[PDB]
>>> print(open('upload28.txt').read())   # compact mmCIF, N, CA and C atoms
# COMPACT_ATOMS: atom_id res chain seq x y z
N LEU A 37 3.84 -19.50 16.18
CA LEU A 37 3.04 -20.40 17.09
C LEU A 37 1.56 -19.96 17.11
N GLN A 38 1.26 -18.72 17.48
CA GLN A 38 -0.17 -18.24 17.51
C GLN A 38 -0.63 -17.82 16.09
N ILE A 39 -0.57 -18.75 15.13
CA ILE A 39 -0.98 -18.45 13.71
C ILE A 39 -2.48 -18.12 13.65
N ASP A 40 -3.34 -19.11 13.72
CA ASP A 40 -4.84 -18.87 13.66
C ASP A 40 -5.27 -17.82 14.71
N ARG A 41 -4.57 -17.77 15.82
CA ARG A 41 -4.86 -16.80 16.91
C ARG A 41 -4.69 -15.35 16.40
N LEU A 42 -3.67 -15.06 15.57
CA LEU A 42 -3.51 -13.69 15.01
C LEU A 42 -4.45 -13.55 13.84
N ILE A 43 -4.45 -14.56 12.99
CA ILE A 43 -5.31 -14.59 11.77
C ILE A 43 -6.75 -14.18 12.16
N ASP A 44 -7.28 -14.75 13.23
CA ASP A 44 -8.66 -14.38 13.68
C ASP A 44 -8.65 -13.04 14.44
N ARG A 45 -7.57 -12.73 15.12
CA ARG A 45 -7.43 -11.46 15.88
C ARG A 45 -7.43 -10.30 14.85
N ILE A 46 -6.62 -10.42 13.81
CA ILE A 46 -6.53 -9.39 12.74
C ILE A 46 -7.80 -9.46 11.86
N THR A 47 -8.46 -10.60 11.71
CA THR A 47 -9.69 -10.62 10.85
C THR A 47 -10.87 -9.94 11.57
N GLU A 48 -11.00 -10.09 12.89
CA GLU A 48 -12.14 -9.43 13.65
C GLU A 48 -12.23 -7.93 13.33
N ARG A 49 -11.12 -7.24 13.06
CA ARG A 49 -11.19 -5.78 12.71
C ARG A 49 -12.07 -5.59 11.45
N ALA A 50 -12.06 -6.55 10.51
CA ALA A 50 -12.95 -6.47 9.31
C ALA A 50 -14.24 -7.26 9.61
N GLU A 51 -14.09 -8.30 10.41
CA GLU A 51 -15.17 -9.19 10.87
C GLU A 51 -16.00 -9.87 9.75
N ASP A 52 -15.64 -9.75 8.47
CA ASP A 52 -16.39 -10.51 7.39
C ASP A 52 -16.15 -12.01 7.65
N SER A 53 -14.91 -12.35 8.04
CA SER A 53 -14.54 -13.76 8.41
C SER A 53 -15.52 -14.32 9.47
N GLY A 54 -16.07 -13.46 10.32
CA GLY A 54 -17.07 -13.89 11.38
C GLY A 54 -18.22 -14.68 10.73
N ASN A 55 -18.63 -14.31 9.53
CA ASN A 55 -19.71 -15.05 8.81
C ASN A 55 -19.06 -16.01 7.80
N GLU A 56 -18.15 -15.51 6.97
CA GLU A 56 -17.46 -16.37 5.96
C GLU A 56 -16.52 -17.34 6.71
N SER A 57 -16.98 -18.58 6.93
CA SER A 57 -16.18 -19.64 7.67
C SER A 57 -16.19 -19.46 9.21
N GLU A 58 -16.65 -18.32 9.72
CA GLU A 58 -16.72 -18.06 11.21
C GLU A 58 -15.51 -18.66 12.02
N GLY A 59 -15.75 -19.42 13.09
CA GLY A 59 -14.64 -20.00 13.93
C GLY A 59 -13.61 -20.81 13.12
N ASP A 60 -13.93 -21.26 11.91
CA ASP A 60 -12.94 -22.05 11.08
C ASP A 60 -11.59 -21.29 10.96
N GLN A 61 -11.64 -19.97 10.94
CA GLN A 61 -10.41 -19.13 10.85
C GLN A 61 -9.60 -19.14 12.17
N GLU A 62 -10.19 -19.55 13.28
CA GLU A 62 -9.47 -19.59 14.60
C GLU A 62 -9.16 -21.05 14.98
N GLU A 63 -10.15 -21.94 14.92
CA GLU A 63 -9.93 -23.38 15.31
C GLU A 63 -9.23 -24.18 14.20
N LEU A 64 -9.59 -24.00 12.93
CA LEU A 64 -8.93 -24.78 11.84
C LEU A 64 -7.80 -23.93 11.22
N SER A 65 -8.10 -23.06 10.24
CA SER A 65 -7.06 -22.17 9.61
C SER A 65 -5.90 -22.98 8.94
N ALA A 66 -5.17 -22.33 8.03
CA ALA A 66 -4.00 -22.95 7.32
C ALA A 66 -4.40 -24.12 6.39
N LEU A 67 -4.92 -25.19 6.96
CA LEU A 67 -5.35 -26.40 6.15
C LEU A 67 -6.42 -26.00 5.13
N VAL A 68 -7.30 -25.12 5.54
CA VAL A 68 -8.42 -24.62 4.66
C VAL A 68 -7.84 -23.57 3.67
N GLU A 69 -6.93 -24.00 2.83
CA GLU A 69 -6.28 -23.09 1.80
C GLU A 69 -7.29 -22.53 0.78
N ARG A 70 -8.52 -23.03 0.74
CA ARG A 70 -9.58 -22.53 -0.24
C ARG A 70 -9.63 -20.98 -0.29
N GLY A 71 -9.09 -20.39 -1.35
CA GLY A 71 -9.06 -18.89 -1.49
C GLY A 71 -8.38 -18.22 -0.27
N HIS A 72 -7.56 -18.95 0.49
CA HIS A 72 -6.85 -18.40 1.70
C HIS A 72 -7.80 -17.57 2.60
N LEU A 73 -9.02 -18.06 2.81
CA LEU A 73 -10.03 -17.34 3.68
C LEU A 73 -9.42 -16.97 5.06
N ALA A 74 -9.11 -15.69 5.25
CA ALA A 74 -8.46 -15.19 6.51
C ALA A 74 -8.42 -13.62 6.50
N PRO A 75 -7.71 -13.01 7.47
CA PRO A 75 -7.67 -11.51 7.46
C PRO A 75 -7.09 -10.92 6.17
N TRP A 76 -6.11 -11.58 5.59
CA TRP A 76 -5.44 -11.06 4.32
C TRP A 76 -6.48 -10.72 3.23
N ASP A 77 -7.55 -11.49 3.07
CA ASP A 77 -8.58 -11.14 2.02
C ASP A 77 -9.73 -10.33 2.66
N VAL A 78 -10.22 -10.73 3.84
CA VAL A 78 -11.32 -9.98 4.52
C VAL A 78 -10.93 -8.48 4.70
N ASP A 79 -9.66 -8.19 4.96
CA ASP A 79 -9.22 -6.75 5.13
C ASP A 79 -9.52 -5.94 3.85
N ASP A 80 -9.42 -6.54 2.66
CA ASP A 80 -9.71 -5.80 1.39
C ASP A 80 -11.25 -5.69 1.20
N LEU A 81 -11.90 -4.89 2.02
CA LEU A 81 -13.39 -4.72 1.93
C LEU A 81 -13.78 -3.28 2.32
>>> encode(input="upload28.txt", output="structure tokens")
Amino acid sequence: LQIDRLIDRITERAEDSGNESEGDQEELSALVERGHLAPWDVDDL
């Protein structure tokens, strides 16, 4: 249920998502499959 809510919660620890797509990872997420922009890739930094 809280998909984008964790996705953005876990991405803030790397916070690259904060600039790359910013709120898109919390308000949109999932539909934006482009390179799966979320914590899973931002964490590898």
>>> closest_residue(input="upload28.txt", among="A:70, A:57, A:78, A:62", to="residue 45 in chain A", atoms="all atoms listed in the file")
A:62
>>> residues_around(input="upload28.txt", residues="residue 75 in chain A", least_positions_apart="5", cutoff="8 Å", atoms="only C-alpha atoms", output="mmCIF file with N, CA and C atoms, in the coordinates of the input")
data_model
loop_
_atom_site.group_PDB
_atom_site.id
_atom_site.type_symbol
_atom_site.label_atom_id
_atom_site.label_comp_id
_atom_site.auth_asym_id
_atom_site.auth_seq_id
_atom_site.Cartn_x
_atom_site.Cartn_y
_atom_site.Cartn_z
ATOM 1 N N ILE A 43 -4.450 -14.560 12.990
ATOM 2 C CA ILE A 43 -5.310 -14.590 11.770
ATOM 3 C C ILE A 43 -6.750 -14.180 12.160
ATOM 4 N N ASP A 44 -7.280 -14.750 13.230
ATOM 5 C CA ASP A 44 -8.660 -14.380 13.680
ATOM 6 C C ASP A 44 -8.650 -13.040 14.440
ATOM 7 N N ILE A 46 -6.620 -10.420 13.810
ATOM 8 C CA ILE A 46 -6.530 -9.390 12.740
ATOM 9 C C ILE A 46 -7.800 -9.460 11.860
ATOM 10 N N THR A 47 -8.460 -10.600 11.710
ATOM 11 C CA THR A 47 -9.690 -10.620 10.850
ATOM 12 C C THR A 47 -10.870 -9.940 11.570
ATOM 13 N N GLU A 48 -11.000 -10.090 12.890
ATOM 14 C CA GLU A 48 -12.140 -9.430 13.650
ATOM 15 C C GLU A 48 -12.230 -7.930 13.330
ATOM 16 N N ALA A 50 -12.060 -6.550 10.510
ATOM 17 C CA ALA A 50 -12.950 -6.470 9.310
ATOM 18 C C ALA A 50 -14.240 -7.260 9.610
ATOM 19 N N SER A 53 -14.910 -12.350 8.040
ATOM 20 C CA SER A 53 -14.540 -13.760 8.410
ATOM 21 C C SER A 53 -15.520 -14.320 9.470
#
>>> atom_distance(input="upload28.txt", atom1="atom N of residue 51 in chain A", atom2="CA of residue 67 in chain A")
20.5 Å
>>> decode(input="upload28.txt", residues="chain A", atoms="N, CA and C atoms", output="PDB file, in the first residue's frame")
ATOM      1  N   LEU A  37       0.856  -1.242   0.000  1.00  0.00           N
ATOM      2  CA  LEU A  37       0.000   0.000   0.000  1.00  0.00           C
ATOM      3  C   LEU A  37       0.878   1.272   0.000  1.00  0.00           C
ATOM      4  N   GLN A  38       1.755   1.441   0.984  1.00  0.00           N
ATOM      5  CA  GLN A  38       2.645   2.662   1.029  1.00  0.00           C
ATOM      6  C   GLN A  38       3.881   2.460   0.106  1.00  0.00           C
ATOM      7  N   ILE A  39       3.640   2.226  -1.184  1.00  0.00           N
ATOM      8  CA  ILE A  39       4.755   2.007  -2.172  1.00  0.00           C
ATOM      9  C   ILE A  39       5.606   3.280  -2.300  1.00  0.00           C
ATOM     10  N   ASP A  40       5.135   4.274  -3.022  1.00  0.00           N
ATOM     11  CA  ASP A  40       5.910   5.563  -3.203  1.00  0.00           C
ATOM     12  C   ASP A  40       6.333   6.153  -1.840  1.00  0.00           C
ATOM     13  N   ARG A  41       5.536   5.920  -0.814  1.00  0.00           N
ATOM     14  CA  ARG A  41       5.831   6.412   0.551  1.00  0.00           C
ATOM     15  C   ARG A  41       7.141   5.787   1.075  1.00  0.00           C
ATOM     16  N   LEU A  42       7.414   4.499   0.814  1.00  0.00           N
ATOM     17  CA  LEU A  42       8.688   3.879   1.254  1.00  0.00           C
ATOM     18  C   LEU A  42       9.761   4.262   0.257  1.00  0.00           C
ATOM     19  N   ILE A  43       9.425   4.135  -1.007  1.00  0.00           N
ATOM     20  CA  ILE A  43      10.354   4.470  -2.133  1.00  0.00           C
ATOM     21  C   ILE A  43      11.010   5.839  -1.849  1.00  0.00           C
ATOM     22  N   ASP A  44      10.219   6.832  -1.486  1.00  0.00           N
ATOM     23  CA  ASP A  44      10.789   8.178  -1.176  1.00  0.00           C
ATOM     24  C   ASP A  44      11.424   8.208   0.232  1.00  0.00           C
ATOM     25  N   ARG A  45      10.899   7.419   1.148  1.00  0.00           N
ATOM     26  CA  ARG A  45      11.435   7.334   2.535  1.00  0.00           C
ATOM     27  C   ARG A  45      12.858   6.727   2.454  1.00  0.00           C
ATOM     28  N   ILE A  46      12.995   5.625   1.735  1.00  0.00           N
ATOM     29  CA  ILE A  46      14.308   4.948   1.552  1.00  0.00           C
ATOM     30  C   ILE A  46      15.190   5.780   0.598  1.00  0.00           C
ATOM     31  N   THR A  47      14.636   6.542  -0.340  1.00  0.00           N
ATOM     32  CA  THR A  47      15.528   7.332  -1.250  1.00  0.00           C
ATOM     33  C   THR A  47      16.123   8.546  -0.501  1.00  0.00           C
ATOM     34  N   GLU A  48      15.371   9.190   0.399  1.00  0.00           N
ATOM     35  CA  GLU A  48      15.913  10.383   1.170  1.00  0.00           C
ATOM     36  C   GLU A  48      17.274  10.062   1.818  1.00  0.00           C
ATOM     37  N   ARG A  49      17.525   8.819   2.241  1.00  0.00           N
ATOM     38  CA  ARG A  49      18.852   8.478   2.846  1.00  0.00           C
ATOM     39  C   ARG A  49      19.980   8.766   1.828  1.00  0.00           C
ATOM     40  N   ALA A  50      19.725   8.581   0.530  1.00  0.00           N
ATOM     41  CA  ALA A  50      20.748   8.927  -0.517  1.00  0.00           C
ATOM     42  C   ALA A  50      20.467  10.357  -1.016  1.00  0.00           C
ATOM     43  N   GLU A  51      19.200  10.722  -1.007  1.00  0.00           N
ATOM     44  CA  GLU A  51      18.679  12.045  -1.401  1.00  0.00           C
ATOM     45  C   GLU A  51      19.046  12.502  -2.839  1.00  0.00           C
ATOM     46  N   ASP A  52      19.672  11.669  -3.678  1.00  0.00           N
ATOM     47  CA  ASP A  52      19.927  12.088  -5.113  1.00  0.00           C
ATOM     48  C   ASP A  52      18.542  12.254  -5.785  1.00  0.00           C
ATOM     49  N   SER A  53      17.615  11.345  -5.460  1.00  0.00           N
ATOM     50  CA  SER A  53      16.201  11.420  -5.963  1.00  0.00           C
ATOM     51  C   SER A  53      15.595  12.811  -5.680  1.00  0.00           C
ATOM     52  N   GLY A  54      16.023  13.466  -4.602  1.00  0.00           N
ATOM     53  CA  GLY A  54      15.515  14.846  -4.244  1.00  0.00           C
ATOM     54  C   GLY A  54      15.676  15.800  -5.444  1.00  0.00           C
ATOM     55  N   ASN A  55      16.741  15.644  -6.219  1.00  0.00           N
ATOM     56  CA  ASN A  55      16.950  16.500  -7.429  1.00  0.00           C
ATOM     57  C   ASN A  55      16.491  15.716  -8.669  1.00  0.00           C
ATOM     58  N   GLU A  56      16.964  14.484  -8.824  1.00  0.00           N
ATOM     59  CA  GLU A  56      16.561  13.643 -10.000  1.00  0.00           C
ATOM     60  C   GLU A  56      15.078  13.256  -9.840  1.00  0.00           C
ATOM     61  N   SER A  57      14.185  13.989 -10.507  1.00  0.00           N
ATOM     62  CA  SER A  57      12.684  13.744 -10.444  1.00  0.00           C
ATOM     63  C   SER A  57      12.030  14.292  -9.147  1.00  0.00           C
ATOM     64  N   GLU A  58      12.808  14.688  -8.143  1.00  0.00           N
ATOM     65  CA  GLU A  58      12.271  15.268  -6.849  1.00  0.00           C
ATOM     66  C   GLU A  58      10.938  14.587  -6.368  1.00  0.00           C
ATOM     67  N   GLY A  59       9.885  15.349  -6.053  1.00  0.00           N
ATOM     68  CA  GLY A  59       8.585  14.767  -5.553  1.00  0.00           C
ATOM     69  C   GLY A  59       7.995  13.687  -6.471  1.00  0.00           C
ATOM     70  N   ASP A  60       8.394  13.608  -7.740  1.00  0.00           N
ATOM     71  CA  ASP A  60       7.852  12.544  -8.673  1.00  0.00           C
ATOM     72  C   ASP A  60       7.990  11.134  -8.044  1.00  0.00           C
ATOM     73  N   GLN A  61       9.029  10.922  -7.260  1.00  0.00           N
ATOM     74  CA  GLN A  61       9.262   9.611  -6.584  1.00  0.00           C
ATOM     75  C   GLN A  61       8.265   9.372  -5.419  1.00  0.00           C
ATOM     76  N   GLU A  62       7.598  10.407  -4.927  1.00  0.00           N
ATOM     77  CA  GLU A  62       6.613  10.251  -3.803  1.00  0.00           C
ATOM     78  C   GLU A  62       5.170  10.392  -4.342  1.00  0.00           C
ATOM     79  N   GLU A  63       4.899  11.434  -5.123  1.00  0.00           N
ATOM     80  CA  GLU A  63       3.510  11.663  -5.658  1.00  0.00           C
ATOM     81  C   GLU A  63       3.201  10.762  -6.873  1.00  0.00           C
ATOM     82  N   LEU A  64       4.133  10.580  -7.804  1.00  0.00           N
ATOM     83  CA  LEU A  64       3.846   9.711  -8.994  1.00  0.00           C
ATOM     84  C   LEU A  64       4.401   8.294  -8.733  1.00  0.00           C
ATOM     85  N   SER A  65       5.684   8.034  -9.016  1.00  0.00           N
ATOM     86  CA  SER A  65       6.311   6.684  -8.757  1.00  0.00           C
ATOM     87  C   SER A  65       5.598   5.536  -9.544  1.00  0.00           C
ATOM     88  N   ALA A  66       6.288   4.406  -9.703  1.00  0.00           N
ATOM     89  CA  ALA A  66       5.742   3.191 -10.412  1.00  0.00           C
ATOM     90  C   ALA A  66       5.473   3.438 -11.913  1.00  0.00           C
ATOM     91  N   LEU A  67       4.553   4.317 -12.232  1.00  0.00           N
ATOM     92  CA  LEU A  67       4.201   4.638 -13.675  1.00  0.00           C
ATOM     93  C   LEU A  67       5.444   5.148 -14.412  1.00  0.00           C
ATOM     94  N   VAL A  68       6.242   5.932 -13.729  1.00  0.00           N
ATOM     95  CA  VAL A  68       7.498   6.518 -14.314  1.00  0.00           C
ATOM     96  C   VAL A  68       8.601   5.427 -14.329  1.00  0.00           C
ATOM     97  N   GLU A  69       8.355   4.363 -15.056  1.00  0.00           N
ATOM     98  CA  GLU A  69       9.347   3.214 -15.167  1.00  0.00           C
ATOM     99  C   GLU A  69      10.691   3.643 -15.805  1.00  0.00           C
ATOM    100  N   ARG A  70      10.789   4.838 -16.375  1.00  0.00           N
ATOM    101  CA  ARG A  70      12.080   5.333 -17.022  1.00  0.00           C
ATOM    102  C   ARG A  70      13.312   5.065 -16.120  1.00  0.00           C
ATOM    103  N   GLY A  71      14.114   4.065 -16.474  1.00  0.00           N
ATOM    104  CA  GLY A  71      15.327   3.696 -15.659  1.00  0.00           C
ATOM    105  C   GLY A  71      14.955   3.416 -14.185  1.00  0.00           C
ATOM    106  N   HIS A  72      13.688   3.092 -13.892  1.00  0.00           N
ATOM    107  CA  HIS A  72      13.224   2.802 -12.488  1.00  0.00           C
ATOM    108  C   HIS A  72      13.749   3.847 -11.472  1.00  0.00           C
ATOM    109  N   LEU A  73      13.723   5.127 -11.845  1.00  0.00           N
ATOM    110  CA  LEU A  73      14.207   6.230 -10.930  1.00  0.00           C
ATOM    111  C   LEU A  73      13.547   6.119  -9.523  1.00  0.00           C
ATOM    112  N   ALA A  74      14.320   5.672  -8.542  1.00  0.00           N
ATOM    113  CA  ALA A  74      13.802   5.461  -7.144  1.00  0.00           C
ATOM    114  C   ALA A  74      14.995   5.125  -6.181  1.00  0.00           C
ATOM    115  N   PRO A  75      14.700   4.723  -4.929  1.00  0.00           N
ATOM    116  CA  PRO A  75      15.847   4.397  -4.013  1.00  0.00           C
ATOM    117  C   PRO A  75      16.746   3.270  -4.535  1.00  0.00           C
ATOM    118  N   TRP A  76      16.169   2.297  -5.199  1.00  0.00           N
ATOM    119  CA  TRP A  76      16.973   1.118  -5.724  1.00  0.00           C
ATOM    120  C   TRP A  76      18.193   1.582  -6.549  1.00  0.00           C
ATOM    121  N   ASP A  77      18.084   2.637  -7.355  1.00  0.00           N
ATOM    122  CA  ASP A  77      19.284   3.109  -8.137  1.00  0.00           C
ATOM    123  C   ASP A  77      20.003   4.239  -7.371  1.00  0.00           C
ATOM    124  N   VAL A  78      19.271   5.199  -6.799  1.00  0.00           N
ATOM    125  CA  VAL A  78      19.916   6.316  -6.028  1.00  0.00           C
ATOM    126  C   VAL A  78      20.826   5.742  -4.908  1.00  0.00           C
ATOM    127  N   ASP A  79      20.441   4.631  -4.284  1.00  0.00           N
ATOM    128  CA  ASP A  79      21.287   4.024  -3.195  1.00  0.00           C
ATOM    129  C   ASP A  79      22.691   3.657  -3.738  1.00  0.00           C
ATOM    130  N   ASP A  80      22.802   3.236  -4.999  1.00  0.00           N
ATOM    131  CA  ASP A  80      24.142   2.881  -5.582  1.00  0.00           C
ATOM    132  C   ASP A  80      24.898   4.182  -5.952  1.00  0.00           C
ATOM    133  N   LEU A  81      25.339   4.931  -4.952  1.00  0.00           N
ATOM    134  CA  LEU A  81      26.079   6.215  -5.204  1.00  0.00           C
ATOM    135  C   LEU A  81      27.127   6.445  -4.099  1.00  0.00           C
TER     136      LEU A  81
END
